[PDB]
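Okay, here we've got a single chain as structure tokens, the form deposited in one PDB entry, with questions on binding and movement later.
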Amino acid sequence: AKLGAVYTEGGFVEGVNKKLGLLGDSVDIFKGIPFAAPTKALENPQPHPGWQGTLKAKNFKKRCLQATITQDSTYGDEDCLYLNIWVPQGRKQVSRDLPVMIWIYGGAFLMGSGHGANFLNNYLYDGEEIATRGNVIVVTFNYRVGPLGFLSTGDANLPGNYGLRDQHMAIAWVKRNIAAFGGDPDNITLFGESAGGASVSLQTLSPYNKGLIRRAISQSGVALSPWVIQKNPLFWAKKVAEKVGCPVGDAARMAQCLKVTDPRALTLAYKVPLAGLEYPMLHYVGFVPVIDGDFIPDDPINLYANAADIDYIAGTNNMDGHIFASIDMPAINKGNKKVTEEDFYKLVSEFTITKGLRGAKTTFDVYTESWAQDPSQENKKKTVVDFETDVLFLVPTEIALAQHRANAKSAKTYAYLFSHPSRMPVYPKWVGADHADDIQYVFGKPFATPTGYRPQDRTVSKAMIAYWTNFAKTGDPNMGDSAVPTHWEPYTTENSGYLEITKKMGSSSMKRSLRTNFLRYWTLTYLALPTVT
């Protein structure tokens, strides 16, 4: 079929019908639809005026102004609030009442875009595969990142979270306009990975979204992950100020100077160091969401009631912390490099800053019990990985899973562990998936570009897309248009089980207590420890 021209609040818009096979099936593709007025530096996103006639939505638009790969130069543009839609069309009647999935990309909050991940093959967030295979509409979009999206003074001079508002603007635009495209506005499901999953989590927790979101999915990132909230934004806003010439004496004088400073200078202001250096990487991402008593009313841990009727899927990857570990202690991946005990303590010492040497021991005490199964070999090395996976992703996710059940009313809750491997690990037991590995399966890359994947990869992808889009459709990953290889049991304080995703989905796929030992340590004792200042 075909949609042709569609009426949106801002006016008509025309996409591109892409024939999918030869019997009539296709997909309508809109790229570059504006959901918010061009942006003013460090100012909240505003409504879009509209345009006259028909907007030709055939090409992606610029990603938001952001640092480049080498933090050498900048690419993008401040006129980036655009979104793209994919609508699976059948052979007769155009589609209607389709669940709607809105993707929110990650990138440590410093970079990314709706088309974001790309190359000479094909962009990674293309929603054609998810759209057509799950019979759902897919929206991707851009939101301000880096200083321009999260610079904040920690008060009203410069509140921060401009990026989160952009997300909000697009989710709202979808709510009021996705019907014209054949989507069910009361069935919007948000999904994202890393900063994307933290963002999905933060949006479900914000009162600004009352009545907008029906369900949500956090892939390796929830609002509780330690890297998500910037506890001392002002410090950061000063660093930028210095570098760009603004006075760092009055919070209010420096904020108006920054609003006028060249957007590009602000973007390049701060530069994250090399690769193997001084501290852990967490200590380096600074431009992030902030607890502003407005969009994020209080610490996210006290906001879950706001997600009481939002079904929720949250999970992490097998070796989610691998790559981060491999930068704070390169030894991990060298079959001839030693892993010290003093080293690992220097590290956990860093992740436990706000808890003094006390909190450094307690943590060190818990993670070290290895009766040296491998003082410096396959074991103590992996515990370095598990420390990173736990702090950055597993534990925060488990705390959010629980906090979401404990506040549930109608909301169902589901957890997962992604363990399918895409590459030979270093050690034969460290088999699994690294950070971000899940994206390509959720986006159906094994089908998109079959030639770059193994049959097993296609199998994992087909399963994950089926679960995600049955969930988007009914709130039950098990129920919908796609068969799933195995029943996925809802998370409850009691059962508190998760589904392990691998190439061999079976009944033993449903696991339970995952290191309840550390979850327990962290929540029961570390958290209640005295925060030294």
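Start at 1 and count along the sequence shown; that's the residue number. Definition used throughout: the rigid core is the maximal C-alpha set that superposes within 1.5 Å between two forms.
- Compared with the other entries of this protein, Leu98 is consistently built, present in every one of those that build its neighbours rather than absent from a third.
- Modelled in this chain, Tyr427 is nonetheless unresolved in at least one third of the other entries of the protein that span it on both sides.
- The question of which stretch, 29-37 or 504-512, has the higher mean Cα B factor is settled in favour of 504-512.
- The stretch 353-361 shows the higher mean C-alpha B-factor when 86-94 is compared against 353-361 in the entry.
- Which of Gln230, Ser73, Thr316, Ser152 has the largest Cα B-factor in the deposited entry comes down to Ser73.
- Remark: of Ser419, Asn379, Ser220, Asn142, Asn379 shows the highest value [criterion: C-alpha B-factor in the PDB entry].
- Ranked by Cα temperature factor within the chain, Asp311 sits in the lowest third according to the deposited record.
- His322: CA B factor lies in the middle third for its chain, per the PDB record.
- Among all modelled residues in this chain, the alpha-carbon of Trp51 has a temperature factor (C-alpha) in the highest third.
- Ranked against the other modelled residues of its chain, the C-alpha B-factor of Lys409 as given in the entry falls in the middle third.
- Among the modelled residues of the chain, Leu65 sits in the middle third by CA temperature factor in this PDB entry.
There is another form of this protein, the form deposited in another entry, and it is not shown here; the text below is about that form.
- With the two forms fitted on their core, the C-alpha shifts between this form and the one not shown stay under 2 Å for all of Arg358, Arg454, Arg96, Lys409 except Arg358.
- In this overlay on the rigid core, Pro375 has a C-alpha that sits 2 Å or more away from its partner position between this form and the one not shown.
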